[PDB]
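Student: Below you'll find the structure I mean.
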Amino acid sequence: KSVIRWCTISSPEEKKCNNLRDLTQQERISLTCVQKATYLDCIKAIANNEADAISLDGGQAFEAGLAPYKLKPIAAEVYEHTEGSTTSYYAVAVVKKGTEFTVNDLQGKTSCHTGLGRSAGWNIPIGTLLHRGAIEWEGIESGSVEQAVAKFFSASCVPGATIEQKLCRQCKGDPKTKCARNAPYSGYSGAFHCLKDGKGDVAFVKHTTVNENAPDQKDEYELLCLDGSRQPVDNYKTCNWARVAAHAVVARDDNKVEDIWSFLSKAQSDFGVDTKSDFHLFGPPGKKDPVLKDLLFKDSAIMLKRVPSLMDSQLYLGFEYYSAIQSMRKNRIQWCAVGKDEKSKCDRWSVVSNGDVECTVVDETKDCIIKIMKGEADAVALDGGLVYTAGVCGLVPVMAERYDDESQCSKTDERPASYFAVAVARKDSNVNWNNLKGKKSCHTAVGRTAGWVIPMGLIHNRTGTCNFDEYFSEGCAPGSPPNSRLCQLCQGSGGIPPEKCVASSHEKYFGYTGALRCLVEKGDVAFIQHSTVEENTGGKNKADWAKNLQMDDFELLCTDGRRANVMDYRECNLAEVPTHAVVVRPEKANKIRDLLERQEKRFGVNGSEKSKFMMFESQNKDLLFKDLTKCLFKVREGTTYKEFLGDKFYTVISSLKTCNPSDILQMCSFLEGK
Ligand SMILES: [Fe+3]
């Protein structure tokens with residue numbers, strides 16, 4: 001029965017926290033309030049293990065994620081939208097009724113701001129007006145940001161502004177408080193009273209500030225659209241300045257995350273917007289004193305939604321907003337390589353192509369999706385199942401591979417590229433598709449379309465069980481939990497760390513040819529590509545385990561039993577699948593797609609420097625690309641991931657999402673609405 005040390009920054013907030021403490025003492029977990037001066041003091045308290053959680057604004061949730069605080073957003077607020085209650089709000093600009101000045105005429109006016117560092121009050125409006133050339137701030141060599149704002153505006157009320165005095169001229173109160181972040185004219189509703197009393201011509205607030213402050217006088221104010229029109233206050237869909245992320249509940253990244261959210265689940269369920277108590281956790285909104293509103297939680301919010309455990313401050317705000325805040329403070333492809341083997345092939349690509357391709361080594365393929373969403377890496381090549389999880393993350397494929405003919409990728413008006421998913425067993429083994437429940441299994445990795453998605457999607461259609469370690473006896477699927485039966489048959493890397501059941505090239509049973517090595521050594525069935533039997537047999541694989549392997553040592557498994565020869569994969573397979581793809585962010589789609597063709601013309605199967613380096617040769621290990629790849633054909637512009645896979649493959653990958661979503665899929669499903 002522990003307690004959560006909450007930290008509040010204002011005295012009115014301390015009274016609401018203490019009234020929250022008296023109502024939660026009966027519960028199993030409880031609360032303790034820590035009075036502090038500013039938000040920077042509460043962040044130093046949580047990193048010092050003195051406090052636990054604060055509801056910060058997006059511009060301040062950026063500040064918590066920096067070292068050494070390294071705090072993490074664990075809960076977000078939910079605002080009301082008529083499309084659906086998502087976790088974002090709009091930044092608008094409110095002016096008086098019937099006045100003449102447009103958005104270009106804001107030079108020399110008087111403004112009211114929410115606070116120095118807030119999203120809707122400072123980052124968005126100043127970010128826009130400096131991007132539109134109105135404010136003059138080439139960089140930090142000019143000086144502070146607010147020195148340019150004091151030169152731009154005549155006078156204003158910026159709570160928390162220290163160096164400049166024009167930003168404190170319009171604030172109400174005695175000198176000691178007028179500038180502080182808890183002044184009367186601070187916050188979303190406090191800056192609106194700067195407008196209503198006449199200290200400013202424009203107030204930079206969120207979209208629903210006018211509705212809760214002046215409910216019946218809504219027509220006495222106008223929103224300042226970026227074209228120059230004074231649209232009314234109910235037109236923020238057409239007049240917003242940006243759409244910014246919600247206010248986030250930051251905390252440490254430790255065991256204390258789980259007991260905080262269970263407390264927030266307890267308090268919201270009893271003190272939400274539909275509660276019957278006199279106490280409300282959110283508001284309730286209405287005409288009140290400006291310092292009495294927005295205490296510990298904004299009055300516009302209606303619920304709290306949990307942030308997934310993989311998010312941080314960078315991936316919460318999005319790329320376009322984090323790049324804006326990073327700007328005010330202060331031809332080459334960045335490939336993502338997984339493991340030591342792909343990194344040792346990629347540095348070879350870097351030196352033969354002279355620096356135009358550079359790469360960062362990671363440990364798993366889900367790290368490539370995050371470093372590309374962060375923009376720290378450019379491109380990566382993913383299997384068909386990982387294209388779906390990168391497509392829901394916001395990335396799009398731009399190029400794909402051909403296996404059938406090098407000539408066909410020229411005439412792009414042709415059949416779509418594809419391969420096949422088969423099940424390979426040993427010769428004299430009597431195992432077929434029916435009695436597969438008691439047998440062992442060998443996959444290529446969990447989540448990939450060849451070994452995991454097609455076979456488990458057939459099984460999930462067969463038995464309807466979302467348990468998939470249970471359906472087999474044991475096996476080796478790289479990336480599955482180490483303490484489960486789908487990791488015991490994994491041989492591991494054999495190095496200093498056992499590295500058992502890891503989803504990189506260190507594992508001996510990882511990959512297309514790796515799952516075949518699991519079949520011959522210790523296994524009963526291998527779920528792999530249609531041609532991996534052909535590539536390894538015939539004396540081509542110089543590995544000791546495959547020294548004398550031949551094509552007749554294996555027999556494919558049809559769906560209706562019916563063990564058939566490996567050369568007839570057109571008839572005896574599980575499902576047709578799309579090929580691998582290179583997924584990237586939509587912004588940099590045009591830059592690499594013509595650049596990757598310049599790399600392929602030098603290093604392809606008809607490349608000029610294939611004596612120097614071959615892009616599509618990997619010594620039967622599939623390093624950065626498969627070895628069946630002949631040429632890369634460009635995917636047309638605007639092709640989304642739902643169009644690239646096709647509705648045939650999109651049906652099974654959508655249904656298999658419901659059983660066990662991964663952590664990389666869970667945070668991206670949070671990012672794109674629900
Ligand atoms: Fe694949």
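Chains: A, B, ... in order of the structure tokens. Residues: from 1 per chain. Ligands: from 1, in order shown.
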Check every protein, DNA and RNA residue against ligand 1, keep those with an atom at most 8 Å away (counting only C-alpha atoms and all ligand atoms), and present them as a VMD selection string.
Tutor: chain A and resid 383 to 385 448 to 451 529 579 to 580
Student: I want to know what sits within 12 Å of residue A:671, based on only C-alpha atoms, with residues of the same chain fewer than 6 positions away left out; could you give that as a PyMOL selection string?
Tutor: chain A and resi 76+86-88+245-246+305-308+310-311+315-319+373+392-394+664-665
Student: Write a file of the just-selected residues containing C-alpha atoms, as a PDB file, in the first residue's frame.
Tutor:
```
ATOM      1  CA  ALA A  76      -2.414  11.645 -22.262  1.00  0.00           C
ATOM      2  CA  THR A  86      -8.851  11.989 -30.041  1.00  0.00           C
ATOM      3  CA  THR A  87      -5.809  13.253 -28.153  1.00  0.00           C
ATOM      4  CA  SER A  88      -5.078  16.522 -29.952  1.00  0.00           C
ATOM      5  CA  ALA A 245      -0.497  16.812 -29.213  1.00  0.00           C
ATOM      6  CA  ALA A 246      -2.280  16.542 -25.886  1.00  0.00           C
ATOM      7  CA  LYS A 305      -5.746   7.502 -22.253  1.00  0.00           C
ATOM      8  CA  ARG A 306      -2.655   5.443 -21.532  1.00  0.00           C
ATOM      9  CA  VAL A 307       0.479   6.033 -23.597  1.00  0.00           C
ATOM     10  CA  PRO A 308       2.153   2.757 -24.680  1.00  0.00           C
ATOM     11  CA  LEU A 310       7.631   2.306 -26.073  1.00  0.00           C
ATOM     12  CA  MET A 311       6.964   6.031 -26.539  1.00  0.00           C
ATOM     13  CA  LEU A 315       7.921  10.057 -30.756  1.00  0.00           C
ATOM     14  CA  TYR A 316       5.038  11.592 -28.808  1.00  0.00           C
ATOM     15  CA  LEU A 317       5.134  15.067 -30.328  1.00  0.00           C
ATOM     16  CA  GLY A 318       5.687  13.865 -33.864  1.00  0.00           C
ATOM     17  CA  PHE A 319       8.501  14.720 -36.240  1.00  0.00           C
ATOM     18  CA  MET A 373      10.170   7.706 -37.671  1.00  0.00           C
ATOM     19  CA  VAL A 392       0.416   1.961 -39.762  1.00  0.00           C
ATOM     20  CA  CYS A 393       3.341   3.906 -38.303  1.00  0.00           C
ATOM     21  CA  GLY A 394       3.053   6.393 -41.172  1.00  0.00           C
ATOM     22  CA  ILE A 664       6.018  -1.326 -31.895  1.00  0.00           C
ATOM     23  CA  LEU A 665       2.540  -1.879 -33.329  1.00  0.00           C
TER      24      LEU A 665
END
```
Student: Return as an MDAnalysis selection string the full set of residues in stretch 134-311 of chain A whose backbone-based DSSP assignment is strand (DSSP E or B).
Tutor: chainID A and resid 155:157 168 202:206 221:224 230:231 242:245 248:251 303:306
Student: What does the file look like for those residues with N, CA and C atoms, as a compact mmCIF listing (two decimals), in the first residue's frame?
Tutor:
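Resulting contents of selection_20.txt:
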```txt
# COMPACT_ATOMS: atom_id res chain seq x y z
N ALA A 155 3.72 45.62 -27.00
CA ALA A 155 3.71 45.16 -25.62
C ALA A 155 2.85 43.91 -25.55
N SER A 156 3.13 43.07 -24.56
CA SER A 156 2.42 41.80 -24.44
C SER A 156 2.48 41.31 -23.00
N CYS A 157 1.80 40.20 -22.75
CA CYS A 157 1.79 39.54 -21.45
C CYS A 157 2.23 38.09 -21.64
N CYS A 168 6.17 41.65 -20.15
CA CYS A 168 5.50 41.68 -18.86
C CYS A 168 4.71 42.96 -18.64
N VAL A 202 -4.82 40.50 -29.75
CA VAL A 202 -4.87 39.11 -30.18
C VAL A 202 -4.49 38.23 -29.00
N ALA A 203 -5.20 37.12 -28.83
CA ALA A 203 -4.91 36.16 -27.78
C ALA A 203 -4.66 34.81 -28.43
N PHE A 204 -3.52 34.20 -28.11
CA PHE A 204 -3.15 32.90 -28.67
C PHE A 204 -3.53 31.83 -27.67
N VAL A 205 -4.64 31.15 -27.93
CA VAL A 205 -5.19 30.15 -27.04
C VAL A 205 -5.50 28.90 -27.84
N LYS A 206 -6.05 27.89 -27.17
CA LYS A 206 -6.49 26.71 -27.89
C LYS A 206 -7.87 26.95 -28.48
N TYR A 221 -16.07 37.73 -31.03
CA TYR A 221 -14.66 37.47 -31.26
C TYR A 221 -14.49 36.79 -32.61
N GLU A 222 -13.28 36.89 -33.16
CA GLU A 222 -12.99 36.35 -34.48
C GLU A 222 -11.66 35.62 -34.46
N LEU A 223 -11.57 34.56 -35.24
CA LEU A 223 -10.35 33.79 -35.38
C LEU A 223 -9.56 34.31 -36.56
N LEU A 224 -8.24 34.38 -36.40
CA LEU A 224 -7.35 34.97 -37.39
C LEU A 224 -6.75 33.86 -38.24
N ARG A 230 -11.28 36.88 -41.14
CA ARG A 230 -11.78 36.77 -39.78
C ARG A 230 -12.99 35.85 -39.78
N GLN A 231 -12.72 34.55 -39.81
CA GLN A 231 -13.79 33.58 -39.69
C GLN A 231 -14.27 33.54 -38.25
N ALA A 242 -2.26 25.14 -36.15
CA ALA A 242 -1.66 23.81 -36.14
C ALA A 242 -2.59 22.89 -35.36
N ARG A 243 -2.27 21.60 -35.41
CA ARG A 243 -2.91 20.60 -34.58
C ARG A 243 -1.83 19.93 -33.75
N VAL A 244 -1.89 20.10 -32.44
CA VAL A 244 -0.77 19.78 -31.57
C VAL A 244 -1.21 18.69 -30.59
N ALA A 245 -0.23 17.97 -30.05
CA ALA A 245 -0.50 16.81 -29.21
C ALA A 245 -1.01 17.24 -27.84
N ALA A 248 0.53 15.77 -21.54
CA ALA A 248 1.00 14.43 -21.21
C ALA A 248 1.39 14.34 -19.75
N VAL A 249 1.08 13.20 -19.14
CA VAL A 249 1.44 12.93 -17.75
C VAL A 249 2.80 12.25 -17.71
N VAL A 250 3.86 13.02 -17.44
CA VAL A 250 5.18 12.41 -17.46
C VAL A 250 5.47 11.76 -16.11
N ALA A 251 6.47 10.87 -16.12
CA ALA A 251 6.91 10.16 -14.93
C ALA A 251 8.29 9.57 -15.22
N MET A 303 -11.32 12.59 -20.71
CA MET A 303 -10.86 11.27 -20.30
C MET A 303 -9.34 11.27 -20.31
N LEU A 304 -8.77 10.18 -19.81
CA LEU A 304 -7.34 9.96 -19.83
C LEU A 304 -7.05 8.65 -20.54
N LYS A 305 -6.08 8.66 -21.44
CA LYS A 305 -5.75 7.50 -22.25
C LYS A 305 -4.28 7.15 -22.03
N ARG A 306 -4.00 5.87 -21.89
CA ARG A 306 -2.66 5.44 -21.53
C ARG A 306 -1.74 5.44 -22.74
```
Student: Residues at most 7 Å from residue A:5, counting only C-alpha atoms, excluding those fewer than 5 positions away in the same chain, as a PDB file with N, CA, C and O atoms, in the first residue's frame?
Tutor:
```pdb
ATOM      1  N   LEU A  31      -2.043   9.126  -2.276  1.00  0.00           N
ATOM      2  CA  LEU A  31      -1.454  10.290  -2.921  1.00  0.00           C
ATOM      3  C   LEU A  31      -0.774  11.182  -1.893  1.00  0.00           C
ATOM      4  O   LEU A  31      -1.203  11.249  -0.739  1.00  0.00           O
ATOM      5  N   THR A  32       0.286  11.860  -2.315  1.00  0.00           N
ATOM      6  CA  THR A  32       0.973  12.847  -1.494  1.00  0.00           C
ATOM      7  C   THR A  32       1.361  14.030  -2.370  1.00  0.00           C
ATOM      8  O   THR A  32       1.967  13.845  -3.428  1.00  0.00           O
ATOM      9  N   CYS A  33       1.010  15.236  -1.939  1.00  0.00           N
ATOM     10  CA  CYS A  33       1.241  16.436  -2.727  1.00  0.00           C
ATOM     11  C   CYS A  33       2.559  17.073  -2.327  1.00  0.00           C
ATOM     12  O   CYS A  33       2.886  17.139  -1.140  1.00  0.00           O
ATOM     13  N   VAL A  34       3.309  17.535  -3.319  1.00  0.00           N
ATOM     14  CA  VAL A  34       4.588  18.197  -3.108  1.00  0.00           C
ATOM     15  C   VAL A  34       4.496  19.581  -3.725  1.00  0.00           C
ATOM     16  O   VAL A  34       4.502  19.721  -4.953  1.00  0.00           O
ATOM     17  N   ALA A  51       9.452  13.041  -6.330  1.00  0.00           N
ATOM     18  CA  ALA A  51       8.068  13.144  -6.760  1.00  0.00           C
ATOM     19  C   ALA A  51       7.839  12.179  -7.911  1.00  0.00           C
ATOM     20  O   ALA A  51       8.759  11.500  -8.368  1.00  0.00           O
ATOM     21  N   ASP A  52       6.597  12.102  -8.377  1.00  0.00           N
ATOM     22  CA  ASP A  52       6.256  11.082  -9.357  1.00  0.00           C
ATOM     23  C   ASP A  52       5.677  11.613 -10.657  1.00  0.00           C
ATOM     24  O   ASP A  52       6.161  11.239 -11.731  1.00  0.00           O
TER      25      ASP A  52
END
```
Student: Can you pull out every residue within 12 Å of residue A:217, counting only C-alpha atoms, but drop anything in the same chain fewer than 4 positions away, and send it as number ranges by chain?
Tutor: A: 96-97, 196, 210-213, 221-222, 232-233
Student: Write the residues of the selection above to a file with N, CA and C atoms, as a PDB file, in the first residue's frame.
Tutor:
```pdb
ATOM      1  N   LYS A  96     -10.715  40.704 -31.414  1.00  0.00           N
ATOM      2  CA  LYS A  96     -11.994  41.323 -31.095  1.00  0.00           C
ATOM      3  C   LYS A  96     -12.887  41.402 -32.325  1.00  0.00           C
ATOM      4  N   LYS A  97     -14.178  41.615 -32.089  1.00  0.00           N
ATOM      5  CA  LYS A  97     -15.137  41.687 -33.180  1.00  0.00           C
ATOM      6  C   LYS A  97     -15.006  42.999 -33.935  1.00  0.00           C
ATOM      7  N   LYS A 196      -9.920  40.252 -23.060  1.00  0.00           N
ATOM      8  CA  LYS A 196     -11.252  40.760 -22.751  1.00  0.00           C
ATOM      9  C   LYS A 196     -11.183  42.067 -21.975  1.00  0.00           C
ATOM     10  N   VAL A 210     -12.700  30.032 -25.976  1.00  0.00           N
ATOM     11  CA  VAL A 210     -13.772  31.023 -26.041  1.00  0.00           C
ATOM     12  C   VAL A 210     -15.096  30.407 -25.598  1.00  0.00           C
ATOM     13  N   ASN A 211     -15.264  29.106 -25.826  1.00  0.00           N
ATOM     14  CA  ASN A 211     -16.534  28.457 -25.526  1.00  0.00           C
ATOM     15  C   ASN A 211     -16.746  28.307 -24.025  1.00  0.00           C
ATOM     16  N   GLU A 212     -15.666  28.142 -23.269  1.00  0.00           N
ATOM     17  CA  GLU A 212     -15.814  27.915 -21.836  1.00  0.00           C
ATOM     18  C   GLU A 212     -15.679  29.211 -21.047  1.00  0.00           C
ATOM     19  N   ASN A 213     -15.146  30.260 -21.673  1.00  0.00           N
ATOM     20  CA  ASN A 213     -14.965  31.512 -20.950  1.00  0.00           C
ATOM     21  C   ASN A 213     -16.099  32.486 -21.233  1.00  0.00           C
ATOM     22  N   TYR A 221     -16.067  37.727 -31.033  1.00  0.00           N
ATOM     23  CA  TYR A 221     -14.656  37.465 -31.256  1.00  0.00           C
ATOM     24  C   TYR A 221     -14.486  36.787 -32.605  1.00  0.00           C
ATOM     25  N   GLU A 222     -13.283  36.894 -33.163  1.00  0.00           N
ATOM     26  CA  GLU A 222     -12.993  36.347 -34.476  1.00  0.00           C
ATOM     27  C   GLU A 222     -11.659  35.623 -34.455  1.00  0.00           C
ATOM     28  N   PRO A 232     -15.536  33.176 -38.018  1.00  0.00           N
ATOM     29  CA  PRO A 232     -16.054  33.137 -36.645  1.00  0.00           C
ATOM     30  C   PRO A 232     -15.467  31.987 -35.841  1.00  0.00           C
ATOM     31  N   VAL A 233     -15.881  31.919 -34.574  1.00  0.00           N
ATOM     32  CA  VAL A 233     -15.184  31.078 -33.603  1.00  0.00           C
ATOM     33  C   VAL A 233     -15.551  29.611 -33.777  1.00  0.00           C
TER      34      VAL A 233
END
```
Student: If we count only C-alpha atoms, what is near stretch 608-624 of chain A at a cut-off of 10 Å, once residues fewer than 4 positions away on the same chain are taken out, given as a PDB file with N, CA and C atoms, in the first residue's frame?
Tutor:
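The new file part_14.pdb reads:
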```
ATOM      1  N   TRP A 335      20.802   4.129 -44.203  1.00  0.00           N
ATOM      2  CA  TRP A 335      20.210   2.803 -44.163  1.00  0.00           C
ATOM      3  C   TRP A 335      20.179   2.280 -42.733  1.00  0.00           C
ATOM      4  N   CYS A 336      19.239   1.391 -42.451  1.00  0.00           N
ATOM      5  CA  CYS A 336      19.174   0.740 -41.152  1.00  0.00           C
ATOM      6  C   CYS A 336      19.569  -0.725 -41.284  1.00  0.00           C
ATOM      7  N   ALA A 337      20.656  -1.113 -40.622  1.00  0.00           N
ATOM      8  CA  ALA A 337      21.181  -2.473 -40.673  1.00  0.00           C
ATOM      9  C   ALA A 337      20.965  -3.158 -39.331  1.00  0.00           C
ATOM     10  N   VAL A 338      20.563  -4.425 -39.367  1.00  0.00           N
ATOM     11  CA  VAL A 338      20.193  -5.175 -38.169  1.00  0.00           C
ATOM     12  C   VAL A 338      21.258  -6.228 -37.900  1.00  0.00           C
ATOM     13  N   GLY A 339      21.987  -6.075 -36.804  1.00  0.00           N
ATOM     14  CA  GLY A 339      22.955  -7.071 -36.410  1.00  0.00           C
ATOM     15  C   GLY A 339      24.353  -6.747 -36.908  1.00  0.00           C
ATOM     16  N   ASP A 341      26.195  -8.790 -38.940  1.00  0.00           N
ATOM     17  CA  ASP A 341      26.465  -9.297 -40.282  1.00  0.00           C
ATOM     18  C   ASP A 341      26.009  -8.314 -41.349  1.00  0.00           C
ATOM     19  N   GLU A 342      24.815  -7.746 -41.181  1.00  0.00           N
ATOM     20  CA  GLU A 342      24.331  -6.751 -42.127  1.00  0.00           C
ATOM     21  C   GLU A 342      25.160  -5.482 -42.052  1.00  0.00           C
ATOM     22  N   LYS A 343      25.615  -5.125 -40.849  1.00  0.00           N
ATOM     23  CA  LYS A 343      26.494  -3.972 -40.685  1.00  0.00           C
ATOM     24  C   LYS A 343      27.832  -4.203 -41.371  1.00  0.00           C
ATOM     25  N   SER A 344      28.325  -5.440 -41.346  1.00  0.00           N
ATOM     26  CA  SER A 344      29.597  -5.741 -41.995  1.00  0.00           C
ATOM     27  C   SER A 344      29.450  -5.814 -43.508  1.00  0.00           C
ATOM     28  N   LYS A 345      28.213  -5.897 -44.002  1.00  0.00           N
ATOM     29  CA  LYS A 345      28.029  -5.845 -45.477  1.00  0.00           C
ATOM     30  C   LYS A 345      27.778  -4.387 -45.858  1.00  0.00           C
ATOM     31  N   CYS A 346      27.067  -3.657 -45.002  1.00  0.00           N
ATOM     32  CA  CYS A 346      26.712  -2.246 -45.299  1.00  0.00           C
ATOM     33  C   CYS A 346      27.938  -1.317 -45.340  1.00  0.00           C
ATOM     34  N   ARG A 348      30.736  -2.113 -46.365  1.00  0.00           N
ATOM     35  CA  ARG A 348      31.296  -2.456 -47.666  1.00  0.00           C
ATOM     36  C   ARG A 348      30.552  -1.729 -48.774  1.00  0.00           C
ATOM     37  N   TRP A 349      29.232  -1.598 -48.631  1.00  0.00           N
ATOM     38  CA  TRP A 349      28.453  -0.758 -49.533  1.00  0.00           C
ATOM     39  C   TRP A 349      28.858   0.699 -49.398  1.00  0.00           C
ATOM     40  N   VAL A 352      32.373   1.233 -51.214  1.00  0.00           N
ATOM     41  CA  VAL A 352      32.421   1.027 -52.659  1.00  0.00           C
ATOM     42  C   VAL A 352      31.620   2.108 -53.368  1.00  0.00           C
ATOM     43  N   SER A 353      30.663   2.714 -52.667  1.00  0.00           N
ATOM     44  CA  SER A 353      29.840   3.745 -53.274  1.00  0.00           C
ATOM     45  C   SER A 353      30.273   5.144 -52.873  1.00  0.00           C
ATOM     46  N   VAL A 380      15.024   1.351 -45.059  1.00  0.00           N
ATOM     47  CA  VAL A 380      15.221  -0.010 -44.578  1.00  0.00           C
ATOM     48  C   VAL A 380      14.418  -0.927 -45.492  1.00  0.00           C
ATOM     49  N   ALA A 381      14.813  -2.197 -45.563  1.00  0.00           N
ATOM     50  CA  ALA A 381      14.084  -3.189 -46.346  1.00  0.00           C
ATOM     51  C   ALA A 381      13.373  -4.154 -45.404  1.00  0.00           C
ATOM     52  N   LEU A 382      12.062  -4.300 -45.570  1.00  0.00           N
ATOM     53  CA  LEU A 382      11.245  -5.054 -44.633  1.00  0.00           C
ATOM     54  C   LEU A 382      10.486  -6.164 -45.338  1.00  0.00           C
ATOM     55  N   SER A 505      20.648 -11.814 -37.069  1.00  0.00           N
ATOM     56  CA  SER A 505      21.382 -12.828 -37.819  1.00  0.00           C
ATOM     57  C   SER A 505      22.373 -13.583 -36.938  1.00  0.00           C
ATOM     58  N   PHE A 510      17.844 -18.248 -37.572  1.00  0.00           N
ATOM     59  CA  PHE A 510      17.135 -17.079 -38.061  1.00  0.00           C
ATOM     60  C   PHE A 510      17.293 -16.964 -39.569  1.00  0.00           C
ATOM     61  N   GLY A 511      16.215 -16.578 -40.235  1.00  0.00           N
ATOM     62  CA  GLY A 511      16.266 -16.300 -41.650  1.00  0.00           C
ATOM     63  C   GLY A 511      15.599 -17.371 -42.487  1.00  0.00           C
ATOM     64  N   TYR A 512      15.673 -17.172 -43.803  1.00  0.00           N
ATOM     65  CA  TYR A 512      15.107 -18.141 -44.728  1.00  0.00           C
ATOM     66  C   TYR A 512      15.916 -19.430 -44.727  1.00  0.00           C
ATOM     67  N   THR A 513      17.236 -19.322 -44.860  1.00  0.00           N
ATOM     68  CA  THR A 513      18.065 -20.518 -44.825  1.00  0.00           C
ATOM     69  C   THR A 513      18.270 -21.000 -43.401  1.00  0.00           C
ATOM     70  N   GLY A 514      18.057 -20.122 -42.426  1.00  0.00           N
ATOM     71  CA  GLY A 514      18.211 -20.523 -41.039  1.00  0.00           C
ATOM     72  C   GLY A 514      17.123 -21.472 -40.581  1.00  0.00           C
ATOM     73  N   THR A 532      13.827 -21.686 -51.269  1.00  0.00           N
ATOM     74  CA  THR A 532      14.975 -21.779 -50.371  1.00  0.00           C
ATOM     75  C   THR A 532      15.544 -23.187 -50.344  1.00  0.00           C
ATOM     76  N   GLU A 535      17.982 -23.080 -53.371  1.00  0.00           N
ATOM     77  CA  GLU A 535      19.203 -22.290 -53.231  1.00  0.00           C
ATOM     78  C   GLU A 535      20.233 -23.012 -52.376  1.00  0.00           C
ATOM     79  N   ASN A 536      19.773 -23.765 -51.380  1.00  0.00           N
ATOM     80  CA  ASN A 536      20.706 -24.381 -50.447  1.00  0.00           C
ATOM     81  C   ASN A 536      21.179 -25.738 -50.946  1.00  0.00           C
ATOM     82  N   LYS A 540      25.244 -25.943 -53.538  1.00  0.00           N
ATOM     83  CA  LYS A 540      25.512 -24.511 -53.566  1.00  0.00           C
ATOM     84  C   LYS A 540      25.901 -23.998 -52.186  1.00  0.00           C
ATOM     85  N   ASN A 541      25.226 -24.469 -51.145  1.00  0.00           N
ATOM     86  CA  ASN A 541      25.551 -24.055 -49.786  1.00  0.00           C
ATOM     87  C   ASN A 541      26.816 -24.766 -49.331  1.00  0.00           C
ATOM     88  N   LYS A 542      27.890 -24.003 -49.144  1.00  0.00           N
ATOM     89  CA  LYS A 542      29.167 -24.558 -48.718  1.00  0.00           C
ATOM     90  C   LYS A 542      29.268 -24.738 -47.212  1.00  0.00           C
ATOM     91  N   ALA A 543      28.138 -24.606 -46.512  1.00  0.00           N
ATOM     92  CA  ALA A 543      28.121 -24.812 -45.046  1.00  0.00           C
ATOM     93  C   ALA A 543      28.225 -26.309 -44.741  1.00  0.00           C
ATOM     94  N   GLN A 599      22.114   3.657 -57.581  1.00  0.00           N
ATOM     95  CA  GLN A 599      22.922   2.657 -56.897  1.00  0.00           C
ATOM     96  C   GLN A 599      22.744   1.285 -57.530  1.00  0.00           C
ATOM     97  N   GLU A 600      21.529   0.982 -57.986  1.00  0.00           N
ATOM     98  CA  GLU A 600      21.261  -0.332 -58.558  1.00  0.00           C
ATOM     99  C   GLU A 600      21.889  -0.476 -59.937  1.00  0.00           C
ATOM    100  N   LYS A 601      22.049   0.635 -60.658  1.00  0.00           N
ATOM    101  CA  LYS A 601      22.636   0.576 -61.991  1.00  0.00           C
ATOM    102  C   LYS A 601      24.130   0.289 -61.927  1.00  0.00           C
ATOM    103  N   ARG A 602      24.748   0.565 -60.780  1.00  0.00           N
ATOM    104  CA  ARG A 602      26.162   0.260 -60.623  1.00  0.00           C
ATOM    105  C   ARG A 602      26.370  -1.114 -60.005  1.00  0.00           C
ATOM    106  N   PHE A 603      25.446  -1.557 -59.151  1.00  0.00           N
ATOM    107  CA  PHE A 603      25.691  -2.718 -58.305  1.00  0.00           C
ATOM    108  C   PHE A 603      24.606  -3.784 -58.400  1.00  0.00           C
ATOM    109  N   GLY A 604      23.736  -3.722 -59.399  1.00  0.00           N
ATOM    110  CA  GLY A 604      22.709  -4.730 -59.553  1.00  0.00           C
ATOM    111  C   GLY A 604      23.239  -6.001 -60.183  1.00  0.00           C
ATOM    112  N   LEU A 628      17.154 -13.744 -54.054  1.00  0.00           N
ATOM    113  CA  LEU A 628      16.396 -13.946 -55.282  1.00  0.00           C
ATOM    114  C   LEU A 628      16.139 -12.635 -56.002  1.00  0.00           C
ATOM    115  N   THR A 629      16.472 -11.518 -55.369  1.00  0.00           N
ATOM    116  CA  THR A 629      16.198 -10.213 -55.947  1.00  0.00           C
ATOM    117  C   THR A 629      17.107  -9.938 -57.133  1.00  0.00           C
ATOM    118  N   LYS A 630      16.492  -9.625 -58.268  1.00  0.00           N
ATOM    119  CA  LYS A 630      17.206  -9.316 -59.498  1.00  0.00           C
ATOM    120  C   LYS A 630      17.262  -7.824 -59.777  1.00  0.00           C
ATOM    121  N   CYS A 631      16.126  -7.137 -59.702  1.00  0.00           N
ATOM    122  CA  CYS A 631      16.094  -5.709 -59.961  1.00  0.00           C
ATOM    123  C   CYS A 631      14.974  -5.080 -59.150  1.00  0.00           C
TER     124      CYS A 631
END
```
Student: Determine, counting only C-alpha atoms, which protein, DNA and RNA residues have an atom within 9 Å of an atom of stretch 144-147 of chain A; residues of the same chain fewer than 3 positions away are not included. Present the result as a PyMOL selection string.
Tutor: chain A and resi 126+137+139-141+150-152+161+163-164+167+328-329
Student: Restricted to C-alpha atoms, what would the selected residues look like written as a CSV table (one decimal), in the first residue's frame?
Tutor:
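Okay, this is what ended up in selection_22.csv:
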```csv
chain,number,residue,atom,x,y,z
A,126,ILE,CA,5.8,32.2,-32.8
A,137,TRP,CA,15.3,35.6,-36.1
A,139,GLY,CA,19.3,32.0,-35.5
A,140,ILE,CA,20.7,32.1,-32.0
A,141,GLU,CA,23.4,34.5,-33.3
A,150,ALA,CA,9.7,42.1,-28.1
A,151,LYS,CA,11.0,43.9,-31.2
A,152,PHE,CA,8.0,42.6,-33.2
A,161,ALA,CA,9.4,35.9,-19.6
A,163,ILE,CA,14.9,39.1,-19.9
A,164,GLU,CA,12.6,41.4,-21.7
A,167,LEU,CA,6.5,40.9,-22.4
A,328,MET,CA,14.0,27.7,-31.7
A,329,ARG,CA,16.4,26.3,-29.1
```
